[PDB]
Structures are given as structure tokens and as C-alpha cells.
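Structure first, commentary second.
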Amino acid sequence: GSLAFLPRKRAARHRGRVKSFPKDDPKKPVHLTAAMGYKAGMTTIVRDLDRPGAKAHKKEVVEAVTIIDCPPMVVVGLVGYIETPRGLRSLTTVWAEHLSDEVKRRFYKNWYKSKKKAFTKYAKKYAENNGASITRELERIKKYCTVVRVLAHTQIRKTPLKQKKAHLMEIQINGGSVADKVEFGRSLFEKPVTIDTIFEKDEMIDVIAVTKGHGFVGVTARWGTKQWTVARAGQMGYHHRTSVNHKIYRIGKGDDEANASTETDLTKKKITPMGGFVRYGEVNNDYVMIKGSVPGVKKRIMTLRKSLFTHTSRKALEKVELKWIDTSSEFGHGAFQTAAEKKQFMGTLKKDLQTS
Amino acid sequence: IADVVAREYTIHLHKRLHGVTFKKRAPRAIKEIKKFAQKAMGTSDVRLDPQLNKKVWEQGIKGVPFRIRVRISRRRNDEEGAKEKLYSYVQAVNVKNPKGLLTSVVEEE
Amino acid sequence: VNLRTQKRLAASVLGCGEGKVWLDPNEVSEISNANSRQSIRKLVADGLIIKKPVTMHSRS
RNA sequence: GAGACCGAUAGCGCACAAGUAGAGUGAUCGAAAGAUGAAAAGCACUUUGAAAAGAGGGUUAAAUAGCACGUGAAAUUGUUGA
RNA sequence: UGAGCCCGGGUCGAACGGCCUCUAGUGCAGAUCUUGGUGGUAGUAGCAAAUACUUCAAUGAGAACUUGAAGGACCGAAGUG
RNA sequence: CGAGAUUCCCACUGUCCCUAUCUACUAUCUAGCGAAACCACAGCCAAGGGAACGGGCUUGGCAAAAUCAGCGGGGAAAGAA
RNA sequence: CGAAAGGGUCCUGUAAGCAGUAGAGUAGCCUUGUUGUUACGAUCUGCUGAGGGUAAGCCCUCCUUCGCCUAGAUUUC
């Protein structure tokens, strides 16, 4: 194996952390770096390729794309860090008012038996004229911090998951003075932010996730065989990975009702496969459609972040003309895009007569 | 609400027994029926009818049917200083087809 | 109760094997109380102990 | 009848239902094992326990002598204290 | 100085010691020593194959391997007779 | 089915590998039961420690309770014409 | 939340039974049959892409049905 992914250990956290935001300069406009989503599955497409110099130039190619359910995230806080001879130090964080039950579930571990008493005194700090103290915290961030991040959480109760506990993370704000970033976050308080607002189509991003576990597995599969340098038996899988350069092909709006329709296929259909995503369900929200395979199982929490470095390739400056998106069943050898197509192909049936 | 109550249930022994060893399917079916009654009526004292055992072992040790239709009756155990006041008794019921049948409460009158 | 002796003695008195004799489950107390080859004949006459028929061996 | 002998891993193998238990086809080989208390006075009765036993109570100068019994070391162990 | 000697406290119950000579089966860490007892290893290795067991009831303080009934399997007259 | 028309494969070997059958050993935890081998005391490294000698020494790297599983390293070796 | 059910999606490949003179064949009635009858019957066809399975690591549920639920034990500056 590679001595660069060792100490081959299970990921310390299920969420997966960014570990590096792109470097910040004040000249760029104010923007957010990262976002969150849940892996729904993957499907097949056909792209009219414009790669000047390729043998598939001006030809139709079949590609595999991963679909990420991305309900809008909610901003609930703002954290400010300072530079010290020992690194970055979180000087202070100021939250939003009216936190949601899902983020309070994130804070609690046994939510059902608990008195749900989190951040009540903080809301009283807003309401009872301790807004002087809160403004003092904002001004401390303005006048002492060098980098600002925003606290944001996902919407499980829109995601088709049995879970009810949300996911918090800090998304770094770049491109402006610290005062501009503080005002931006304070204005973003108690507001939903969308994936088409953070990213857009044609843009390569980086995906942070925890790759699927397989338990105690021997050297044959753990490293790929026929001291730390010697292949040993142990945990294989469930590993934190940051996979780079994945092209954002589409962002579907969820309420469009024609997410899977292209300018070539005039079929009013959505991204969800016929019968639903296997083991996941239906995508009823904003979704991100990106090229290739991506670390993580279905319904796993995923972090989507901007590229650290300005790109060096023509694959990152290309437009993606889509021809069609596969919506056949993933539960077996499916050959119909819609139930209407299946009915038109197979005619009417005995149960159709019995019901009608 | 009533402590004494009898209802009729359908058990999906197919999903309870998927992947189980063929030579242990039937005893596993008996244990899964006990667990089903314990979860449904909340009584750890579950008594199975010998003819329900007949129905489970009808098709050998590895021919357990996919769906079984049973009647579970929670009654009162008087005894003398018994550890559990209530007990569930489960019987096999005779139906044309154990599919498409909802959960129904059977009236004693 | 233990009815091994009753099983064996009933087989002996009915002239069959231990596998072809049937003791009434509802009267195990009286079968246990009966402990002689005359009391077991009493029970056989009363119907509490039965010689089961031979297994069907259809030849067609 | 005696001893400047030995004193239960000693002295005969055997201080004891020892040439016994046991082993070997057989010729043969062959152990371990003493001590309540002056006197059984060897714990009546009550209670818990299925019972074995336990706890009260009692005998005795003593149960820190209960027939796993004079005194009761070390190795090893449990509990408490530091 | 030392091998050792003496006292106090606790346990115990029947004999023992100082001094001068005599006498010897008289002084132990070893001998892969002898006999006996006791540890770590350690609640560890391990407790096989003969396909297979299940429900109710009974006795009992206690029931997988105790019984009765009902099922599901087996020896297959060169038998698990 | 039709004088029906056309296409492909047939080997030997004292060789190797794989599939198939049979034989044998193959097994984590829980309840209960339950040994033996072996045991001066120990067990982290690198350099140095004249006698091809290090495990305890010098001086350095360091070094944080109690454990579970896997295991491929160490705790084994000469005697010299 | 759990158990059923319904719908969807996948897998297999057309259930049991009945009927049609379609039916290769197997036999009786009476006399010649130029169209004789009466019974049985492989196989065929129709009812029938039906019948069965479907989450056990598939998808959805407007009051689809039934049931459950503010517990009980320990520990913490």
C-alpha cells in the first residue's frame, strides 16, 4: 500500500472535516467555501462532449454521475479565529437566535428524555438587553480576528432519512475584510442558503467523506498483496478521504418538476429513479449531480468544498451539455424511464380491468 | 386498553427467516413467533399451541411458510404468587389464504 | 410422574412393543397409581391404555 | 528384665481392621494413615433455608477444643487499614 | 562486630532451663537431592464425529439431556431388532 | 423436414495449473466444568562496553493506568580443520 | 415507532380448475356410415405477462388497519 494513508485507522468522526479551506484575500467578493449534502445514489447519462483534441470530440459519451440530495442549509452562528504563534485559535463564537430542534438534537445525545434546555439562556441574552454583550462579541470578531467562519446545519427533516439529528459545520467566508465577513454572516443569520448559491454548474469541487467500512480484513484486501512498512491485518474501510477535482455537472432545483429533462429529451421527469433510489428513497430537494465515483455509502453525510487552487486543466473550463439522465429502476434490469412509458409499452392488465 | 384481549395477526416468517440455516429454520420460526407475541402484547409469558407447532413444522424442518396467520389472546394468570400477572396464548387459525388480511380484534361475544 | 415401568408392563400385557402402546395424557395420575400387571389390565379394560394399530403399508 | 537408642518424613515396610488397600498373567512389588475433651457433657429448643448448612441459644475452664477436632509455622490466598 | 542471647505484648496448655564435664544419628540454598504441601501459567488450552430437534402438560425447590401426548428425523431383518 | 447448402472441434505426452468427488484436520462468544508444557528474576530501543559476550553497566532516544484481537520479528542454535 | 395491508419497482415465466370437438390416439351402441353415435384421452388453445416472491441492508402511505409511548436502574462537579 501507500505509506501516506497510514495509520490505517477508523475515522474519528462520522461527519468528516475539511482540514483546509482555500487561502483568503480581501480583493475577491465575499463568499462561502463549503456546503453539505447526502449521497442519494448514482446514475448514467450521455454528454455531447466538446474536448478539442479528443477522439470523442463532438460525440456522445456515456458517463456515471453521483447524485447528492442537498436541502438548503441554515446559518445559526458565526465564529471568529485569531492568529497566534501556536496556530489559529477560536477567539469567540456568537450564535443565532431561535435555534432549531434538529441542531439542538445535534447538541443532545438522549434528546427524548432531556428537558430540551439548550441555548435558552442565550436567547434570553438576545432578548433581555444583553444585546450589548452580543454586539461586543461581534465587534471583538471585527477588530481582532483574521479569518471568519459561519456555523451552518443541514435539514434532515427534509432529507428522506430516519435520522432526526442534524449536522453542524463551519463554512469559511472568503473575499473581503473581516468587517465585511462579519456583516455578511450576521445578515445570513436565521436564513436558508442554497447549493446553487454556494456552487454552480461546470465547477469542479472537492468532496470530503468517510469511505465505507468492511471490518477486520486481512492483508490480501487491506493492501493488495499477492514494522509500519509491513502489511498487517486490521481494520479495512471506514476511512476519512478528501477526493479532489470532481466536475459539478448539474444542480437541480427540486421544485422544477423536470429535473431530469434536457434540451434534447422533452420528458417531464425528475431525478429520482423509477421506483426510488435503492435504500435511500426519493430526492425532493435541490440536488447536485457530479461526475464519477465519490467516497461514502448512500445516505452518508458529505462535505462539498471549493477547490484549494485555481485549476490547471481544460476539463475545468468546459461547459457540460447533457443529453439525457437515466431514471430506470436501480432495483434490477430496468428499461422504462417512467411508469407511463411502462404502461404504454405493456398495454392494459387484468388488475387494470378489475380496479376500473 | 383491556388486560384481557384477543387479536389476529399475520407474521412474515419469510423476512424473519431470510438467510437462516435450513436445518434451524423451524426452531428459529418458533423463537420468532415467541418474540412476535412478546413484542405485540408486552408479555414475556407466551404459550404456543401444539397445533401451532404442527403448522410451523408442517413442511419439515426447512419448509416454514412465508406468512402465518395466528390468534394471540392475552389472558390473566392467577396461579399463586406468579411472577407475571398476564400471559399471551398463541394459536394457529384456519383461513383460506394468509395474505391480504389486516390486524383484526376478535370479540368474545 | 415417571411411567417407564407402566410403559414396559403395558407393552408386556398387550403383547406389543413399547412404541405401540398409548397412555392417556389426562389420566397420568391413575396410570402412575397402577403398578401391577392386574391394575394395568384394569386400565386397558377401562380404555386408559390402548394398543395402537399397525402403520399403514399400502401396496398399490 | 533392661537401655546416655528412636520418637509418627524418626523407629521394623507396618505405633492404626499392614504384609492391609492397591499393581502385575505370574514369580512378586507394596504404601498413606496416631492426639477433641477431666468427663460426650458430641449442642436440647427457636428461626431461615428444598437440603447441606446458617443465625440465636446451650455444654464446657476453654468451641481462640464441634468428632474437617491438642498446639497450629512457612509457601500460597481473601478482606480491611496505610 | 557476628553466629546469636534476653525482655514486653498476643496464643497456648504441661513440662522446661542456666552453669561445669560427658556423649552424638548435632548446625543447609543448592546435590536435574528425598517426602509433603503450595503458586504463575489460568477461569487459559479445552469439553470431538455419529445430520435434529420442537409444542403443551405432569412430578419436583430447581427440568435442554425425568416422564405422558403430539409432531419432525433415524437404524432398515448383512438392524441402533 | 427438404439430393437441403455452408462454417467450426476431434492427437499424444514420464509436464504444469484450475475445476469436480472422496478422505482428514479444520471454530468466536456465553452458562457450567476445567488441565498441562514451561517458570533464577526480568522483559522498549541505538551506540559503547579489547577476550567475533550482553539482560542488569556508561549516555543517549525516551517513557502515563487497565485491557481485546491479529501476528508475518526477538526471547533457538555453531566450534573450526 | 412497530406489525400488517395497499400501490410502485424488480425476479421468474403463464398457477389450480374449467371449457372448445382443435385434439394424435384408446374402446362400446345399433346397423352400414354417403357427416353415424357415446365415453376416456396425451398434446394444443382460451380464461392467463397469469400465478408466485418482493427487504430480510428496495421505494411511498392522509385520518389504509391494529398496537405502543412522558418509563425503571446506576453514576456525575
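Labeling convention for the C-alpha cells: chains A, B, ... as they appear, residues from 1 per chain, ligands from 1 in order of appearance.
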
*Up to 9 Å from chain E, what residues of chain B turn up? Count only C-alpha atoms (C1' of nucleotides) and give them as a PyMOL selection string.*
chain B and resi 23-24+26-27+30+47-54+57-58+60-61

Can I get the selected residues back with N, CA, C and O atoms, as a tab-separated table (two decimals), in the first residue's frame?
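So result-v2.tsv came out as:
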chain	number	residue	atom	x	y	z
B	23	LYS	N	-31.44	-26.12	8.42
B	23	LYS	CA	-31.58	-27.11	9.47
B	23	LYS	C	-32.03	-26.49	10.79
B	23	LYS	O	-32.34	-27.23	11.73
B	24	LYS	N	-32.08	-25.16	10.88
B	24	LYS	CA	-32.55	-24.47	12.08
B	24	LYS	C	-33.70	-23.52	11.79
B	24	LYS	O	-34.09	-22.75	12.68
B	26	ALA	N	-37.02	-24.01	11.34
B	26	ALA	CA	-38.23	-24.22	12.12
B	26	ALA	C	-38.09	-23.84	13.60
B	26	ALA	O	-38.98	-23.12	14.10
B	27	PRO	N	-37.07	-24.29	14.34
B	27	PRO	CA	-36.91	-23.77	15.71
B	27	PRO	C	-36.74	-22.27	15.76
B	27	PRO	O	-37.25	-21.61	16.68
B	30	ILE	N	-40.15	-20.85	15.58
B	30	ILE	CA	-40.82	-20.89	16.88
B	30	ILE	C	-40.34	-19.75	17.77
B	30	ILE	O	-41.15	-19.05	18.41
B	47	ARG	N	-47.33	-18.71	25.54
B	47	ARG	CA	-47.59	-20.13	25.41
B	47	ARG	C	-48.12	-20.43	24.01
B	47	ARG	O	-49.10	-19.81	23.57
B	48	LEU	N	-47.50	-21.39	23.34
B	48	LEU	CA	-47.82	-21.74	21.97
B	48	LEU	C	-48.69	-22.99	21.94
B	48	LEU	O	-48.51	-23.90	22.74
B	49	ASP	N	-49.63	-23.01	21.01
B	49	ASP	CA	-50.49	-24.18	20.87
B	49	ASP	C	-49.71	-25.31	20.19
B	49	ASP	O	-48.94	-25.06	19.25
B	50	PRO	N	-49.88	-26.55	20.64
B	50	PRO	CA	-49.21	-27.67	19.96
B	50	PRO	C	-49.61	-27.79	18.50
B	50	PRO	O	-48.81	-28.24	17.68
B	51	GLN	N	-50.82	-27.37	18.15
B	51	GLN	CA	-51.20	-27.36	16.75
B	51	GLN	C	-50.58	-26.19	15.99
B	51	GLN	O	-50.35	-26.30	14.78
B	52	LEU	N	-50.27	-25.08	16.66
B	52	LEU	CA	-49.41	-24.08	16.03
B	52	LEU	C	-48.02	-24.64	15.76
B	52	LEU	O	-47.43	-24.35	14.71
B	53	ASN	N	-47.50	-25.45	16.68
B	53	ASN	CA	-46.24	-26.16	16.41
B	53	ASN	C	-46.38	-27.09	15.21
B	53	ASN	O	-45.47	-27.16	14.37
B	54	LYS	N	-47.49	-27.81	15.13
B	54	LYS	CA	-47.82	-28.60	13.94
B	54	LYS	C	-47.73	-27.75	12.67
B	54	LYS	O	-47.11	-28.16	11.69
B	57	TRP	N	-44.09	-26.82	11.80
B	57	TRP	CA	-43.36	-27.98	11.32
B	57	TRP	C	-44.12	-28.78	10.27
B	57	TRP	O	-43.83	-29.96	10.07
B	58	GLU	N	-45.10	-28.16	9.60
B	58	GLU	CA	-45.89	-28.89	8.61
B	58	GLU	C	-45.04	-29.39	7.46
B	58	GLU	O	-45.21	-30.53	7.00
B	60	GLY	N	-41.69	-29.90	7.17
B	60	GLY	CA	-40.34	-30.27	7.55
B	60	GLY	C	-39.62	-29.20	8.33
B	60	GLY	O	-40.18	-28.17	8.73
B	61	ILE	N	-38.33	-29.45	8.56
B	61	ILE	CA	-37.50	-28.53	9.33
B	61	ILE	C	-37.06	-27.31	8.54
B	61	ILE	O	-36.61	-26.33	9.14

*With a cut-off of 7 Å and counting only C-alpha atoms (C1' of nucleotides), select all residues of chain G in contact with chain A and give the selection as a PyMOL selection string.*
chain G and resi 8-10+58-59

*Test item: chain E residues at most 12 Å from chain C, counting only C-alpha atoms (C1' of nucleotides), as a PyMOL selection string*: chain E and resi 56-60+66-70+81

_Can you pull out the residues contacting residue A:14? Cut-off 9 Å, using only C-alpha atoms (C1' of nucleotides), and skip same-chain residues under 3 positions away; I want them as a ChimeraX atom specification._
/A:11,209-210,238,240,300-301

*Name the residues in contact with residue F:55 at a cut-off of 12 Å, using only C-alpha atoms (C1' of nucleotides), excluding same-chain residues fewer than 5 positions from it; report them as a VMD selection string.*
chain F and resid 41 to 43 75

*Record the distance separating atom CA of residue A:130 and atom CA of residue A:94, expressed in Å with one decimal.*
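Interatomic distance here is 12.6 Å.
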
_8 Å contact set for residue B:4, only C-alpha atoms (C1' of nucleotides), chain neighbours under 3 positions out, as a PyMOL selection string_ = chain B and resi 73-76

*Neighbours of stretch 22-32 of chain D within 12 Å (only C-alpha atoms (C1' of nucleotides); same-chain residues fewer than 6 positions away dropped), as a PyMOL selection string?*
(chain D and resi 9+13-14+16) or (chain E and resi 35-36)

Take the selection from the previous step and output its residues with N, CA and C atoms (P, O5', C5', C4', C3', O3' and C1' of nucleotides), as a PDB file, in the first residue's frame.
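The result, stored in result-v1.pdb:
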ATOM      1  P     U D   9       5.914 -38.080  60.086  1.00  0.00           P
ATOM      2  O5'   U D   9       7.352 -38.632  59.691  1.00  0.00           O
ATOM      3  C5'   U D   9       7.502 -39.913  59.092  1.00  0.00           C
ATOM      4  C4'   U D   9       8.483 -39.885  57.946  1.00  0.00           C
ATOM      5  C3'   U D   9       9.921 -39.530  58.320  1.00  0.00           C
ATOM      6  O3'   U D   9      10.818 -40.234  57.464  1.00  0.00           O
ATOM      7  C1'   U D   9       9.107 -37.958  56.764  1.00  0.00           C
ATOM      8  P     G D  13      12.347 -50.383  57.579  1.00  0.00           P
ATOM      9  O5'   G D  13      10.897 -50.568  56.950  1.00  0.00           O
ATOM     10  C5'   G D  13      10.444 -49.744  55.886  1.00  0.00           C
ATOM     11  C4'   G D  13       8.992 -50.002  55.572  1.00  0.00           C
ATOM     12  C3'   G D  13       8.046 -50.003  56.763  1.00  0.00           C
ATOM     13  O3'   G D  13       7.629 -48.695  57.111  1.00  0.00           O
ATOM     14  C1'   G D  13       7.612 -51.886  55.378  1.00  0.00           C
ATOM     15  P     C D  14       7.445 -48.271  58.647  1.00  0.00           P
ATOM     16  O5'   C D  14       6.144 -49.061  59.115  1.00  0.00           O
ATOM     17  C5'   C D  14       4.872 -48.754  58.566  1.00  0.00           C
ATOM     18  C4'   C D  14       3.804 -49.701  59.054  1.00  0.00           C
ATOM     19  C3'   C D  14       3.707 -49.894  60.557  1.00  0.00           C
ATOM     20  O3'   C D  14       3.003 -48.847  61.194  1.00  0.00           O
ATOM     21  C1'   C D  14       3.564 -51.989  59.462  1.00  0.00           C
ATOM     22  P     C D  16      -0.923 -50.080  67.068  1.00  0.00           P
ATOM     23  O5'   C D  16      -2.260 -49.440  66.502  1.00  0.00           O
ATOM     24  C5'   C D  16      -2.927 -50.040  65.401  1.00  0.00           C
ATOM     25  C4'   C D  16      -4.072 -49.192  64.917  1.00  0.00           C
ATOM     26  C3'   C D  16      -4.758 -49.702  63.655  1.00  0.00           C
ATOM     27  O3'   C D  16      -6.152 -49.418  63.731  1.00  0.00           O
ATOM     28  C1'   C D  16      -3.893 -47.536  63.266  1.00  0.00           C
TER      29        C D  16
ATOM     30  P     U E  35      10.374 -38.429  46.281  1.00  0.00           P
ATOM     31  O5'   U E  35       9.517 -38.112  47.582  1.00  0.00           O
ATOM     32  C5'   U E  35       9.253 -39.121  48.542  1.00  0.00           C
ATOM     33  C4'   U E  35       8.604 -38.548  49.775  1.00  0.00           C
ATOM     34  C3'   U E  35       7.426 -37.622  49.535  1.00  0.00           C
ATOM     35  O3'   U E  35       6.219 -38.301  49.246  1.00  0.00           O
ATOM     36  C1'   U E  35       8.878 -36.623  51.086  1.00  0.00           C
ATOM     37  P     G E  36       5.157 -37.632  48.248  1.00  0.00           P
ATOM     38  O5'   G E  36       4.513 -36.456  49.104  1.00  0.00           O
ATOM     39  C5'   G E  36       3.844 -36.728  50.326  1.00  0.00           C
ATOM     40  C4'   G E  36       3.642 -35.473  51.139  1.00  0.00           C
ATOM     41  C3'   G E  36       2.871 -34.353  50.464  1.00  0.00           C
ATOM     42  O3'   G E  36       1.469 -34.550  50.505  1.00  0.00           O
ATOM     43  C1'   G E  36       4.796 -33.469  51.509  1.00  0.00           C
TER      44        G E  36
END
